[PDB]
Structures are given as C-alpha cells and as structure tokens.
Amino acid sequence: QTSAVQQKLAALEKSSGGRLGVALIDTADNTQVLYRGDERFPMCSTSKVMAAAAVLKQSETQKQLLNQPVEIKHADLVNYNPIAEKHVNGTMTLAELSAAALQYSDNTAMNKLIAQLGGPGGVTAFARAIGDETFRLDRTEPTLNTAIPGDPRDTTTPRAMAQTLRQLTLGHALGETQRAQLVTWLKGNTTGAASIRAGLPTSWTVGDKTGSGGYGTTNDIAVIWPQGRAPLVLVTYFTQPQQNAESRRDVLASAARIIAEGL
C-alpha cells in the first residue's frame, strides 16, 4: 500500500513529534507523491504566494498596476517589516511589495497586498478563480500565523497547494509575463536556505516560499528545475502539538531529501 517514500516520511514524522504533509508533482509524467496530502495545514507565510499571484492576475488587464506606488505610514507596520520600515512616510509599488513579501517575508508588505485585493476574501476569491477549491485566507498579518490545532482558518492541503503552485509557475493560471515574474521573485527568496533547498542538489534551480508560525509550524513550497529533466513542485507543511514548539526547518530538508531519491 504505502511506498518506501511514504514510509520514510512517516518515520521522519514520528521522530519529529509533529504532523507532516507533503505533496510532490513531477511534471515529466504528472505523477503525484503525497503524505497526508488531503489534510489541512496552517499556511502561514506560504499564503503570500497566492496574494502576490492575485495581484499579478489583476495586472494582466491593468498593465501599470505593478508600478502603482502605495503609501507606507508608521501605523501600517506589524510584527516583521524588514523592507517596509525603510519606506515609512514614503511608498512602495505593488511590485516592490510583492518582492518584499515573497523574498523577505515582510508582513506589512503582505497586508498591503491583501488590501489591494479587498481583504483576505479577495485572496480566496482569486484562488477559487484559478481552480483552487481548498485554499482559504481568513485573516491578515500577524494573526493568520496562529496555527491553532483544528482551526480551519488560513489553511490549505499539500495536494491543493502543489497543484496551484504548478499552475501558477509552470502552467497557465497566469499570463506568460506574469508567470515569469512570479518565478523570478520565488527564485530570489532569501529565507529558504535551511528548508527544501537544503535537501536538494545544489545544481538544481529552486524557487520557494517559506512559512513559520505558532505551534512550531514550519512550511516551504517550491518549484524546482532539476538538471536534465522536467521541473517539479514540492510542498512540505509541518506543525507540532504544543504552542511554543521550536521551528524545524531541518524536517523539511529531510522530507525533500527523501522525495528526491524516488525521482
């Protein structure tokens, strides 16, 4: 029934003391490998990909939207604002906000993307418009990262997020220009070195977005271009039983290493 890959992921999960969700899509043959693939997990900052993509979608009809400056005031700042703090009483364009959200995991930037879309519901509406039936964004930053056991808010499943990331970055949920821009942003992420990237060969090109939250929630979603074969998407979601659990980016690296063997 279970494959050796799934068995190795279950053993990793058991040793870790938490709950692990994995979804791999190999676009060479569209095969999927899943571990808890249809269970809900808290997204935390991996949800920034959907918000940035939603704004890219808007820019398909509004060509200069990405260059629209948005004001940043002292009152806009939340708990982690590495880029936005440099622009208080100034502006950031929607492209600048997208890059900050994706590449530095800036939470003020995310809240400005959410506002551009009319609220968390506008991000969910985009997900539904591209065929993601599972994603839900309910809250803004920072409260979307609470990752409370059993709370459906701000969750998705590994299978759904892998399918969506494939459609956004390798498929045609976005226009060609916009797809390329998303790939550029993800490739330049600064926060991923210890997560999926650490478990994959160095020679492979990787675009990813991490997430972290309460209950030791440690997440990563990635588009991957192995050397000499078709690209892959990999999702790794991890969360723990106790509220103040530590981060476990090493678990995500180990999950990626296990998945890479069976390719």
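Note that residue numbering begins at 1 and tracks the sequence as displayed.
As listed in the deposited structure, the average C-alpha B-factor of 40-48 and of 24-32 is greater for 24-32. When the C-alpha B-factors of 141-149 and 173-181 are averaged, 141-149 comes out higher. When the C-alpha B-factors of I224, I221, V55, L200 are read from the PDB record, the largest value belongs to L200.
Highest C-alpha temperature factor among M92, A99, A129, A160, as the PDB entry reports it: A129. Sort the modelled residues of the chain by CA B factor and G228 lands in the highest third. Residue-level temperature factors show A245 in the highest third of its chain, judged at the C-alpha atom. Ranked by Cα temperature factor within the chain, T236 sits in the lowest third according to the deposited record.
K187 sits in the lowest third of its chain by CA B factor, as recorded in the PDB entry.
Per-chain ranking of the deposited C-alpha B factor places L165 in the lowest third.
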